[PDB]
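Asks: My file is coords_34.txt. It has compact mmCIF, C-alpha atoms and all ligand atoms:
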```txt
# COMPACT_ATOMS: atom_id res chain seq x y z
CA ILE C 1 136.14 88.49 212.40
CA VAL C 2 135.01 87.32 215.86
CA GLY C 3 132.53 89.55 217.71
CA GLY C 4 132.07 92.02 214.85
CA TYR C 5 129.16 93.27 212.78
CA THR C 6 127.83 92.94 209.27
CA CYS C 7 129.49 95.79 207.36
CA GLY C 8 126.70 96.34 204.85
CA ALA C 9 127.20 95.68 201.13
CA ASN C 10 130.06 97.62 199.58
CA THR C 11 130.55 99.86 202.64
CA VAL C 12 134.26 98.95 202.51
CA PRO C 13 134.87 99.45 198.78
CA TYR C 14 138.64 98.83 198.99
CA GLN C 15 138.12 95.35 200.57
CA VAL C 16 139.18 92.67 198.17
CA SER C 17 138.78 88.89 198.26
CA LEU C 18 141.58 86.63 196.98
CA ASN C 19 140.20 83.50 195.35
CA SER C 20 141.92 80.33 194.14
CA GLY C 21 138.67 78.42 193.66
CA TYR C 22 137.62 79.56 197.14
CA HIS C 23 138.18 82.66 199.26
CA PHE C 24 141.52 82.29 201.10
CA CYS C 25 142.61 85.86 201.95
CA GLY C 26 141.66 89.52 201.98
CA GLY C 27 143.43 92.38 200.23
CA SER C 28 143.17 96.15 199.79
CA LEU C 29 142.85 98.03 196.54
CA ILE C 30 145.42 100.82 196.56
CA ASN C 31 144.99 101.85 192.93
CA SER C 32 143.18 100.66 189.79
CA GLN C 33 145.95 98.09 189.13
CA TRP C 34 147.48 97.13 192.49
CA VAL C 35 146.39 95.25 195.55
CA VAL C 36 148.25 95.12 198.89
CA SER C 37 148.00 91.89 200.85
CA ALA C 38 149.91 89.75 203.29
CA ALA C 39 153.06 87.92 202.27
CA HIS C 40 151.83 84.82 204.15
CA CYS C 41 148.88 84.81 201.73
CA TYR C 42 151.07 84.21 198.66
CA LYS C 43 150.08 81.46 196.28
CA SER C 44 150.00 80.94 192.53
CA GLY C 45 146.85 81.35 190.47
CA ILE C 46 145.16 84.12 192.46
CA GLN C 47 141.99 85.82 191.23
CA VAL C 48 141.20 89.22 192.76
CA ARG C 49 137.51 89.76 193.48
CA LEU C 50 136.38 93.37 193.76
CA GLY C 51 133.04 94.79 194.83
CA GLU C 52 132.10 91.74 196.89
CA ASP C 53 129.67 91.50 199.73
CA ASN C 54 128.30 87.94 199.71
CA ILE C 55 131.22 85.97 198.24
CA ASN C 56 129.03 82.96 197.33
CA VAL C 57 126.41 84.81 195.26
CA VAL C 58 126.67 87.01 192.16
CA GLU C 59 125.08 90.21 193.58
CA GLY C 60 125.77 92.57 190.68
CA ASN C 61 128.73 94.74 191.62
CA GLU C 62 131.63 92.28 191.33
CA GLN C 63 134.75 92.65 189.23
CA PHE C 64 136.88 89.50 189.00
CA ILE C 65 140.41 90.04 187.72
CA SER C 66 143.40 87.71 187.44
CA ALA C 67 146.70 88.58 189.05
CA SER C 68 149.51 89.15 186.51
CA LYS C 69 152.35 89.36 188.99
CA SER C 70 152.83 88.93 192.72
CA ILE C 71 155.69 90.51 194.61
CA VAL C 72 156.38 89.27 198.10
CA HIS C 73 158.45 91.68 200.16
CA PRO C 74 162.21 90.88 199.73
CA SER C 75 162.63 90.32 203.43
CA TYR C 76 159.48 88.42 204.31
CA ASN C 77 160.54 85.80 206.81
CA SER C 78 157.90 83.19 207.62
CA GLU C 79 159.72 81.94 210.74
CA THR C 80 159.41 85.39 212.25
CA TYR C 81 156.46 86.71 210.19
CA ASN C 82 158.52 89.83 209.77
CA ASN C 83 157.71 92.05 206.75
CA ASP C 84 154.36 90.32 206.07
CA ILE C 85 153.36 92.28 202.98
CA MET C 86 152.86 91.40 199.35
CA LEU C 87 151.75 93.41 196.30
CA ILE C 88 149.55 91.90 193.58
CA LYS C 89 149.18 93.50 190.15
CA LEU C 90 145.91 92.99 188.25
CA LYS C 91 145.88 91.81 184.62
CA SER C 92 143.54 94.71 183.74
CA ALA C 93 142.70 97.95 185.59
CA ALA C 94 139.71 97.85 187.94
CA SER C 95 136.89 100.17 186.97
CA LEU C 96 136.74 102.48 189.97
CA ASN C 97 133.28 103.46 191.27
CA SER C 98 131.31 103.94 194.50
CA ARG C 99 131.57 100.24 195.25
CA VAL C 100 135.12 99.64 194.08
CA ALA C 101 137.55 102.27 195.41
CA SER C 102 141.20 102.64 196.39
CA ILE C 103 142.45 103.19 199.95
CA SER C 104 145.15 105.80 200.68
CA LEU C 105 148.54 104.73 201.99
CA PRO C 106 149.52 106.31 205.35
CA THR C 107 151.81 109.34 205.44
CA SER C 108 152.54 108.67 209.12
CA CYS C 109 152.04 105.73 211.43
CA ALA C 110 148.95 105.44 213.63
CA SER C 111 149.23 105.76 217.39
CA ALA C 112 148.11 103.58 220.28
CA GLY C 113 144.47 104.14 221.20
CA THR C 114 143.55 105.05 217.62
CA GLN C 115 140.35 103.29 216.57
CA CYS C 116 140.59 101.35 213.31
CA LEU C 117 138.34 99.48 210.94
CA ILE C 118 139.25 95.84 210.27
CA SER C 119 137.24 93.74 207.83
CA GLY C 120 137.09 90.29 206.28
CA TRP C 121 135.25 87.08 205.52
CA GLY C 122 137.20 85.12 208.14
CA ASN C 123 136.08 82.74 210.89
CA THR C 124 133.54 84.30 213.29
CA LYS C 125 134.06 82.14 216.40
CA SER C 126 136.87 81.81 219.00
CA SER C 127 135.90 78.21 219.62
CA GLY C 128 134.83 76.25 216.60
CA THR C 129 134.29 77.30 213.03
CA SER C 130 131.79 79.48 211.26
CA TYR C 131 132.52 81.36 208.06
CA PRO C 132 130.23 84.21 206.94
CA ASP C 133 129.23 84.83 203.36
CA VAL C 134 129.00 88.61 203.70
CA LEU C 135 131.71 90.99 204.77
CA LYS C 136 132.19 91.52 208.49
CA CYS C 137 133.54 94.55 210.27
CA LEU C 138 135.31 95.21 213.54
CA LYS C 139 136.32 98.50 215.12
CA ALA C 140 139.40 97.94 217.27
CA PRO C 141 141.96 100.22 218.92
CA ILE C 142 145.71 99.89 218.39
CA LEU C 143 147.27 98.65 221.66
CA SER C 144 150.58 99.80 223.20
CA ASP C 145 153.89 98.28 222.03
CA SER C 146 154.54 97.12 225.62
CA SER C 147 151.21 95.40 226.21
CA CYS C 148 151.43 93.88 222.74
CA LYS C 149 154.77 92.30 223.69
CA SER C 150 153.56 91.17 227.09
CA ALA C 151 150.59 89.47 225.46
CA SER C 152 152.57 87.24 223.09
CA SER C 153 154.72 84.07 223.31
CA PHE C 154 156.25 84.96 219.95
CA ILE C 155 158.80 87.70 219.12
CA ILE C 156 157.33 91.05 218.05
CA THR C 157 159.26 93.07 215.46
CA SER C 158 158.85 96.81 214.81
CA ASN C 159 157.02 96.06 211.53
CA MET C 160 154.12 94.72 213.57
CA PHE C 161 151.44 96.33 215.69
CA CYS C 162 148.70 94.65 217.70
CA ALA C 163 145.09 95.76 218.14
CA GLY C 164 141.89 94.53 219.68
CA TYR C 165 140.77 93.60 223.13
CA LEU C 166 142.98 92.00 225.76
CA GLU C 167 139.80 90.86 227.51
CA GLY C 168 139.17 88.79 224.38
CA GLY C 169 135.93 88.36 222.43
CA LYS C 170 136.73 90.80 219.65
CA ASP C 171 139.40 90.06 217.01
CA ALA C 172 140.16 89.20 213.37
CA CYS C 173 140.65 85.52 212.50
CA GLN C 174 141.68 82.91 209.96
CA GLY C 175 140.38 84.02 206.56
CA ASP C 176 140.79 87.72 207.39
CA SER C 177 144.52 87.52 206.75
CA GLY C 178 145.75 89.99 204.16
CA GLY C 179 142.84 92.33 204.66
CA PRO C 180 142.77 96.02 205.66
CA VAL C 181 143.20 97.81 208.95
CA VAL C 182 142.02 101.31 208.19
CA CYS C 183 142.61 104.20 210.60
CA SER C 184 141.46 107.76 209.83
CA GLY C 185 141.09 106.94 206.13
CA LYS C 186 144.54 105.36 205.69
CA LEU C 187 145.59 101.74 205.23
CA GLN C 188 147.73 101.25 208.35
CA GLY C 189 147.52 97.52 208.80
CA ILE C 190 147.27 94.18 207.02
CA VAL C 191 145.67 91.32 208.91
CA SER C 192 148.81 89.33 209.71
CA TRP C 193 148.47 86.80 212.57
CA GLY C 194 147.12 85.76 215.96
CA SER C 195 147.35 82.98 218.48
CA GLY C 196 143.91 81.47 217.98
CA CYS C 197 141.21 84.13 217.83
CA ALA C 198 139.61 86.48 220.32
CA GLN C 199 141.19 84.69 223.27
CA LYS C 200 142.26 86.27 226.54
CA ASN C 201 145.67 88.00 226.25
CA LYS C 202 146.00 86.95 222.61
CA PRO C 203 145.39 90.16 220.59
CA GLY C 204 145.53 90.39 216.80
CA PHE C 205 148.81 91.40 215.09
CA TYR C 206 149.11 93.40 211.92
CA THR C 207 151.74 94.52 209.41
CA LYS C 208 152.90 98.05 210.00
CA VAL C 209 152.11 99.48 206.54
CA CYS C 210 153.49 102.98 207.32
CA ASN C 211 156.99 101.41 207.38
CA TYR C 212 156.60 100.23 203.73
CA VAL C 213 155.23 103.14 201.76
CA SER C 214 158.55 103.88 200.03
CA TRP C 215 158.92 100.23 198.95
CA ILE C 216 155.24 100.14 197.89
CA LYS C 217 155.54 103.29 195.79
CA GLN C 218 158.88 102.34 194.23
CA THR C 219 157.85 98.82 193.33
CA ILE C 220 154.65 100.02 191.63
CA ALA C 221 156.49 102.72 189.71
CA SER C 222 158.86 100.08 188.33
CA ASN C 223 156.34 97.32 187.46
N1 LIG C 301 143.42 86.34 215.89
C1 LIG C 301 143.91 86.91 214.88
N2 LIG C 301 144.15 88.21 214.91
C2 LIG C 301 144.24 86.12 213.64
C3 LIG C 301 144.35 86.73 212.39
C4 LIG C 301 144.63 85.95 211.27
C5 LIG C 301 144.81 84.57 211.40
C6 LIG C 301 144.71 83.99 212.67
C7 LIG C 301 144.87 82.54 212.89
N3 LIG C 301 143.86 81.63 212.90
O1 LIG C 301 144.42 80.44 213.14
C8 LIG C 301 145.78 80.45 213.32
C9 LIG C 301 146.14 81.79 213.18
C10 LIG C 301 147.50 82.40 213.26
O2 LIG C 301 147.73 83.51 212.77
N4 LIG C 301 148.45 81.67 213.85
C11 LIG C 301 149.74 82.10 213.90
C12 LIG C 301 150.36 82.26 215.12
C13 LIG C 301 151.68 82.68 215.18
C14 LIG C 301 152.39 82.93 214.01
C15 LIG C 301 153.80 83.37 214.11
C16 LIG C 301 154.07 84.60 214.66
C17 LIG C 301 155.37 85.07 214.78
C18 LIG C 301 156.42 84.26 214.38
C19 LIG C 301 156.16 83.00 213.84
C20 LIG C 301 154.86 82.54 213.70
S1 LIG C 301 154.65 81.06 213.08
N5 LIG C 301 153.96 81.08 211.65
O3 LIG C 301 155.94 80.43 212.91
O4 LIG C 301 153.85 80.26 213.97
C21 LIG C 301 151.77 82.76 212.77
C22 LIG C 301 150.45 82.34 212.72
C23 LIG C 301 144.41 84.76 213.77
CA CA C 302 129.24 88.20 195.35
```
Spit out the file's structure as structure tokens when you get a sec.
Replies:
Amino acid sequence: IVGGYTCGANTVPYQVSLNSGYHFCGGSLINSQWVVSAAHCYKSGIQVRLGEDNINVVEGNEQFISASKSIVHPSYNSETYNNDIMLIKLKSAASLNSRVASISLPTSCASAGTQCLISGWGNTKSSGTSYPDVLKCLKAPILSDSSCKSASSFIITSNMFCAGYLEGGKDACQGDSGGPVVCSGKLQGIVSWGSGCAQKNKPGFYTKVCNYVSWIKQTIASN
């Protein structure tokens, strides 16, 4: 997160860190046994870290749980970044509490102008590199489909939305990938991609979760 604020410990209790010896992506807890993340985050040997604020220090509310299965969406295409969503099942059920909680799936898609909460432990600078230890937060509005398209030298599919600030300065970044975009108490977005971070006319793009609820629900039922 570039140009955001310190969330405060456990204020985003569905925020999850994916660890393979180091933090590499965010995720969202959607029930006691399932995490939703980004397809482009896939890798073997993932450990899901719940209840984190400072990811470098044992603070007392962590739950670390191994992934038992990962399911990348059938149609995830890394040349297009289309369908950038993956489900991770945990080897044991998380103990749910005030600091470790699930986030509701959307029943309907969010609209342009809607203010959303985006969070992660990703890079905090548009130029250079600084990675925070505690969780950062950014409130950003969803931007129109037309301005999203105009502000991108890549192809934008209907399973993407963009959000943030065309002026620049405020955006998610590398390391935030996979993490939540929460709008009116529903998981609407997954940090998917951006051309650099927080640059002029280079807004953040996110996986349109509302499009996937049926697949999410059916896959969980069956695994
Ligand atoms: N600024 C952001 N919102 C953001 C969020 C997460 C990661 C990064 C990021 N931090 O550094 C680089 C990054 C990046 O995402 N680069 C990037 C650019 C384009 C694509 C892409 C988009 C559509 C089709 C194809 C591609 S791709 N993968 O072929 O290039 C993928 C990744 C930035
Ligand atoms: Ca910690």
Asks: Kindly compile the residues surrounding ligand CA 302 (chain C) within 12 Å, counting only C-alpha atoms and all ligand atoms, and format them as a CSV table (one decimal) with C-alpha atoms, in the frame of the given file.
Replies:
```csv
chain,number,residue,atom,x,y,z
C,9,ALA,CA,127.2,95.7,201.1
C,10,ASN,CA,130.1,97.6,199.6
C,16,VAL,CA,139.2,92.7,198.2
C,17,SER,CA,138.8,88.9,198.3
C,19,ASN,CA,140.2,83.5,195.4
C,23,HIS,CA,138.2,82.7,199.3
C,49,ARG,CA,137.5,89.8,193.5
C,50,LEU,CA,136.4,93.4,193.8
C,51,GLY,CA,133.0,94.8,194.8
C,52,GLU,CA,132.1,91.7,196.9
C,53,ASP,CA,129.7,91.5,199.7
C,54,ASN,CA,128.3,87.9,199.7
C,55,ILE,CA,131.2,86.0,198.2
C,56,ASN,CA,129.0,83.0,197.3
C,57,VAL,CA,126.4,84.8,195.3
C,58,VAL,CA,126.7,87.0,192.2
C,59,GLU,CA,125.1,90.2,193.6
C,60,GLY,CA,125.8,92.6,190.7
C,61,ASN,CA,128.7,94.7,191.6
C,62,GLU,CA,131.6,92.3,191.3
C,63,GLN,CA,134.8,92.6,189.2
C,64,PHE,CA,136.9,89.5,189.0
C,121,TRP,CA,135.2,87.1,205.5
C,133,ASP,CA,129.2,84.8,203.4
C,134,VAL,CA,129.0,88.6,203.7
C,135,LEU,CA,131.7,91.0,204.8
```
Asks: Can you work out which one of C:96, C:87, C:101, C:191 has the shortest atom-to-atom distance to residue 25 (chain C), counting all atoms listed in the file?
Replies: C:191
Asks: Can you work out which residues are within 8 Å of ligand LIG 301 (chain C), considering only C-alpha atoms and all ligand atoms, and then hand them over as an NGL selection string?
Replies: :C and (78-82 or 154-156 or 171-177 or 191-199 or 202-206)
Asks: Could you name the residues that touch region 32-45 of chain C at 8 Å or less, counting only C-alpha atoms, but leaving out those on the same chain fewer than 3 positions away, as a ChimeraX atom specification?
Replies: /C:20,24-29,66-67,70,72-73,76,78,81,83-96,102,177-179,190-192,207,220
Asks: With C-alpha atoms retained, export the selected residues as a compact mmCIF listing (two decimals), in the frame of the given file.
Replies:
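Result written to selection.txt:
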```txt
# COMPACT_ATOMS: atom_id res chain seq x y z
CA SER C 20 141.92 80.33 194.14
CA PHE C 24 141.52 82.29 201.10
CA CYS C 25 142.61 85.86 201.95
CA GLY C 26 141.66 89.52 201.98
CA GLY C 27 143.43 92.38 200.23
CA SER C 28 143.17 96.15 199.79
CA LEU C 29 142.85 98.03 196.54
CA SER C 66 143.40 87.71 187.44
CA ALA C 67 146.70 88.58 189.05
CA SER C 70 152.83 88.93 192.72
CA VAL C 72 156.38 89.27 198.10
CA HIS C 73 158.45 91.68 200.16
CA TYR C 76 159.48 88.42 204.31
CA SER C 78 157.90 83.19 207.62
CA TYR C 81 156.46 86.71 210.19
CA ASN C 83 157.71 92.05 206.75
CA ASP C 84 154.36 90.32 206.07
CA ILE C 85 153.36 92.28 202.98
CA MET C 86 152.86 91.40 199.35
CA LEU C 87 151.75 93.41 196.30
CA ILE C 88 149.55 91.90 193.58
CA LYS C 89 149.18 93.50 190.15
CA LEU C 90 145.91 92.99 188.25
CA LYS C 91 145.88 91.81 184.62
CA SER C 92 143.54 94.71 183.74
CA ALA C 93 142.70 97.95 185.59
CA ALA C 94 139.71 97.85 187.94
CA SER C 95 136.89 100.17 186.97
CA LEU C 96 136.74 102.48 189.97
CA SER C 102 141.20 102.64 196.39
CA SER C 177 144.52 87.52 206.75
CA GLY C 178 145.75 89.99 204.16
CA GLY C 179 142.84 92.33 204.66
CA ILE C 190 147.27 94.18 207.02
CA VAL C 191 145.67 91.32 208.91
CA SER C 192 148.81 89.33 209.71
CA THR C 207 151.74 94.52 209.41
CA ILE C 220 154.65 100.02 191.63
```
Asks: Let me make sure I understand: among C:68, C:158, C:31, C:115, which one has the smallest atom-to-atom distance to residue 14 (chain C) if we use only C-alpha atoms?
Replies: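 Under the stated criterion, the closest residue is C:31.
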Asks: Which residues are close to residue 213 (chain C), i.e. within 8 Å by all atoms listed in the file, leaving aside same-chain residues fewer than 4 positions away? Reply as a PDB file with C-alpha atoms, in the coordinates of the input.
Replies:
```pdb
ATOM      1  CA  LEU C 105     148.540 104.730 201.990  1.00  0.00           C
ATOM      2  CA  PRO C 106     149.520 106.310 205.350  1.00  0.00           C
ATOM      3  CA  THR C 107     151.810 109.340 205.440  1.00  0.00           C
ATOM      4  CA  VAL C 209     152.110  99.480 206.540  1.00  0.00           C
ATOM      5  CA  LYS C 217     155.540 103.290 195.790  1.00  0.00           C
TER       6      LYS C 217
END
```
Asks: How many Å lie between CA of residue 13 (chain C) and CA of residue 98 (chain C), rounded to one decimal?
Replies: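 Those two atoms sit 7.2 Å apart.
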Asks: Between C:208, C:136, C:170, C:200, which has the minimum distance to residue 8 (chain C) (counting all atoms listed in the file)?
Replies: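 Going through C:208, C:136, C:170, C:200 one by one, the smallest distance to residue 8 (chain C) is for C:136.
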Asks: Any chance you could export region 93-206 of chain C with C-alpha atoms, as a PDB file, in the first residue's frame?
Replies:
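Wrote it out as decode37.pdb, contents follow:
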```
ATOM      1  CA  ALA C  93     -10.174 -25.108  10.818  1.00  0.00           C
ATOM      2  CA  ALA C  94      -9.220 -21.640  12.050  1.00  0.00           C
ATOM      3  CA  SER C  95     -10.511 -20.805  15.505  1.00  0.00           C
ATOM      4  CA  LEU C  96     -12.751 -17.837  14.786  1.00  0.00           C
ATOM      5  CA  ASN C  97     -12.639 -14.902  17.233  1.00  0.00           C
ATOM      6  CA  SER C  98     -12.585 -11.090  17.358  1.00  0.00           C
ATOM      7  CA  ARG C  99      -9.178 -11.050  15.702  1.00  0.00           C
ATOM      8  CA  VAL C 100      -9.685 -13.868  13.223  1.00  0.00           C
ATOM      9  CA  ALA C 101     -12.983 -13.555  11.323  1.00  0.00           C
ATOM     10  CA  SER C 102     -14.501 -14.437   7.959  1.00  0.00           C
ATOM     11  CA  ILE C 103     -15.532 -11.895   5.315  1.00  0.00           C
ATOM     12  CA  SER C 104     -18.880 -12.233   3.490  1.00  0.00           C
ATOM     13  CA  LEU C 105     -18.966 -12.892  -0.242  1.00  0.00           C
ATOM     14  CA  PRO C 106     -20.877 -10.261  -2.282  1.00  0.00           C
ATOM     15  CA  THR C 107     -24.474 -10.896  -3.325  1.00  0.00           C
ATOM     16  CA  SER C 108     -24.193  -8.161  -5.965  1.00  0.00           C
ATOM     17  CA  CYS C 109     -21.314  -6.306  -7.557  1.00  0.00           C
ATOM     18  CA  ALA C 110     -20.140  -2.943  -6.223  1.00  0.00           C
ATOM     19  CA  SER C 111     -20.654   0.215  -8.251  1.00  0.00           C
ATOM     20  CA  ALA C 112     -18.323   2.974  -9.412  1.00  0.00           C
ATOM     21  CA  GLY C 113     -17.747   5.610  -6.742  1.00  0.00           C
ATOM     22  CA  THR C 114     -18.213   3.082  -3.937  1.00  0.00           C
ATOM     23  CA  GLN C 115     -15.506   3.500  -1.294  1.00  0.00           C
ATOM     24  CA  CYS C 116     -13.638   0.314  -0.415  1.00  0.00           C
ATOM     25  CA  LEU C 117     -11.077  -0.888   2.077  1.00  0.00           C
ATOM     26  CA  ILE C 118      -7.888  -2.387   0.633  1.00  0.00           C
ATOM     27  CA  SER C 119      -5.186  -3.795   2.896  1.00  0.00           C
ATOM     28  CA  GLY C 120      -1.811  -5.517   2.810  1.00  0.00           C
ATOM     29  CA  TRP C 121       1.833  -5.692   3.777  1.00  0.00           C
ATOM     30  CA  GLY C 122       2.996  -4.635   0.305  1.00  0.00           C
ATOM     31  CA  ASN C 123       5.524  -2.021  -0.841  1.00  0.00           C
ATOM     32  CA  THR C 124       4.761   1.484   0.468  1.00  0.00           C
ATOM     33  CA  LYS C 125       6.548   3.636  -2.137  1.00  0.00           C
ATOM     34  CA  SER C 126       5.894   4.473  -5.819  1.00  0.00           C
ATOM     35  CA  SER C 127       9.598   5.014  -6.376  1.00  0.00           C
ATOM     36  CA  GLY C 128      11.890   2.664  -4.540  1.00  0.00           C
ATOM     37  CA  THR C 129      11.178  -0.018  -2.011  1.00  0.00           C
ATOM     38  CA  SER C 130       9.947  -0.049   1.538  1.00  0.00           C
ATOM     39  CA  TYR C 131       8.035  -2.924   3.093  1.00  0.00           C
ATOM     40  CA  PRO C 132       6.087  -2.403   6.338  1.00  0.00           C
ATOM     41  CA  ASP C 133       5.921  -4.922   9.131  1.00  0.00           C
ATOM     42  CA  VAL C 134       2.401  -4.031  10.231  1.00  0.00           C
ATOM     43  CA  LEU C 135      -0.746  -4.110   8.159  1.00  0.00           C
ATOM     44  CA  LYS C 136      -1.514  -1.056   6.052  1.00  0.00           C
ATOM     45  CA  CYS C 137      -4.870   0.220   4.919  1.00  0.00           C
ATOM     46  CA  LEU C 138      -6.160   2.270   2.028  1.00  0.00           C
ATOM     47  CA  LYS C 139      -9.649   3.580   1.347  1.00  0.00           C
ATOM     48  CA  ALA C 140     -10.154   3.865  -2.411  1.00  0.00           C
ATOM     49  CA  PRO C 141     -13.173   4.341  -4.672  1.00  0.00           C
ATOM     50  CA  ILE C 142     -14.011   2.015  -7.560  1.00  0.00           C
ATOM     51  CA  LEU C 143     -13.426   3.923 -10.824  1.00  0.00           C
ATOM     52  CA  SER C 144     -15.604   3.798 -13.974  1.00  0.00           C
ATOM     53  CA  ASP C 145     -15.159   0.979 -16.522  1.00  0.00           C
ATOM     54  CA  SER C 146     -14.382   3.610 -19.185  1.00  0.00           C
ATOM     55  CA  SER C 147     -11.724   5.515 -17.264  1.00  0.00           C
ATOM     56  CA  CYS C 148     -10.238   2.209 -16.127  1.00  0.00           C
ATOM     57  CA  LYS C 149      -9.817   1.200 -19.784  1.00  0.00           C
ATOM     58  CA  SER C 150      -8.478   4.576 -20.830  1.00  0.00           C
ATOM     59  CA  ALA C 151      -5.877   4.394 -18.071  1.00  0.00           C
ATOM     60  CA  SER C 152      -4.299   1.087 -19.133  1.00  0.00           C
ATOM     61  CA  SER C 153      -1.970  -0.178 -21.908  1.00  0.00           C
ATOM     62  CA  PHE C 154      -3.190  -3.718 -21.216  1.00  0.00           C
ATOM     63  CA  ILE C 155      -6.558  -5.308 -22.095  1.00  0.00           C
ATOM     64  CA  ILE C 156      -9.245  -5.079 -19.401  1.00  0.00           C
ATOM     65  CA  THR C 157     -11.691  -7.990 -19.096  1.00  0.00           C
ATOM     66  CA  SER C 158     -15.088  -7.867 -17.364  1.00  0.00           C
ATOM     67  CA  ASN C 159     -13.697  -9.905 -14.438  1.00  0.00           C
ATOM     68  CA  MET C 160     -11.586  -6.911 -13.476  1.00  0.00           C
ATOM     69  CA  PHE C 161     -12.337  -3.562 -11.899  1.00  0.00           C
ATOM     70  CA  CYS C 162      -9.954  -0.720 -11.147  1.00  0.00           C
ATOM     71  CA  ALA C 163      -9.892   1.566  -8.106  1.00  0.00           C
ATOM     72  CA  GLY C 164      -7.767   4.292  -6.625  1.00  0.00           C
ATOM     73  CA  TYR C 165      -6.646   7.688  -7.711  1.00  0.00           C
ATOM     74  CA  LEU C 166      -5.905   8.682 -11.288  1.00  0.00           C
ATOM     75  CA  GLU C 167      -3.882  11.587  -9.907  1.00  0.00           C
ATOM     76  CA  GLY C 168      -1.621   8.926  -8.407  1.00  0.00           C
ATOM     77  CA  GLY C 169      -0.139   8.757  -4.905  1.00  0.00           C
ATOM     78  CA  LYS C 170      -2.614   6.285  -3.464  1.00  0.00           C
ATOM     79  CA  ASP C 171      -2.659   2.610  -4.534  1.00  0.00           C
ATOM     80  CA  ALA C 172      -1.969  -1.019  -3.564  1.00  0.00           C
ATOM     81  CA  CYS C 173       1.403  -2.487  -4.581  1.00  0.00           C
ATOM     82  CA  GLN C 174       3.636  -5.529  -4.890  1.00  0.00           C
ATOM     83  CA  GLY C 175       3.097  -7.694  -1.808  1.00  0.00           C
ATOM     84  CA  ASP C 176      -0.569  -6.690  -1.496  1.00  0.00           C
ATOM     85  CA  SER C 177      -1.525  -9.080  -4.283  1.00  0.00           C
ATOM     86  CA  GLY C 178      -4.171 -11.598  -3.276  1.00  0.00           C
ATOM     87  CA  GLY C 179      -5.499  -9.435  -0.477  1.00  0.00           C
ATOM     88  CA  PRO C 180      -9.007  -8.054   0.131  1.00  0.00           C
ATOM     89  CA  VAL C 181     -10.947  -5.186  -1.368  1.00  0.00           C
ATOM     90  CA  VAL C 182     -13.878  -4.812   0.983  1.00  0.00           C
ATOM     91  CA  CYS C 183     -16.888  -2.639   0.113  1.00  0.00           C
ATOM     92  CA  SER C 184     -19.875  -2.279   2.458  1.00  0.00           C
ATOM     93  CA  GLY C 185     -18.862  -5.401   4.383  1.00  0.00           C
ATOM     94  CA  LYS C 186     -18.431  -7.673   1.341  1.00  0.00           C
ATOM     95  CA  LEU C 187     -15.312  -9.053  -0.318  1.00  0.00           C
ATOM     96  CA  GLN C 188     -15.614  -7.458  -3.771  1.00  0.00           C
ATOM     97  CA  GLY C 189     -12.021  -7.459  -4.891  1.00  0.00           C
ATOM     98  CA  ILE C 190      -8.720  -9.311  -4.754  1.00  0.00           C
ATOM     99  CA  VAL C 191      -5.558  -7.272  -5.220  1.00  0.00           C
ATOM    100  CA  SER C 192      -4.686  -8.374  -8.748  1.00  0.00           C
ATOM    101  CA  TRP C 193      -2.262  -6.068 -10.632  1.00  0.00           C
ATOM    102  CA  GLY C 194      -0.969  -2.619 -11.532  1.00  0.00           C
ATOM    103  CA  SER C 195       1.524  -0.912 -13.780  1.00  0.00           C
ATOM    104  CA  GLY C 196       4.047   0.127 -11.151  1.00  0.00           C
ATOM    105  CA  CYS C 197       2.367   1.656  -8.114  1.00  0.00           C
ATOM    106  CA  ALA C 198       0.565   4.896  -7.383  1.00  0.00           C
ATOM    107  CA  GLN C 199       1.671   6.442 -10.675  1.00  0.00           C
ATOM    108  CA  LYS C 200      -0.268   8.958 -12.734  1.00  0.00           C
ATOM    109  CA  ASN C 201      -2.972   7.272 -14.877  1.00  0.00           C
ATOM    110  CA  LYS C 202      -1.959   3.827 -13.619  1.00  0.00           C
ATOM    111  CA  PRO C 203      -4.743   2.800 -11.186  1.00  0.00           C
ATOM    112  CA  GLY C 204      -4.890  -0.508  -9.328  1.00  0.00           C
ATOM    113  CA  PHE C 205      -6.813  -3.453 -10.857  1.00  0.00           C
ATOM    114  CA  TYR C 206      -8.708  -6.074  -8.934  1.00  0.00           C
TER     115      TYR C 206
END
```
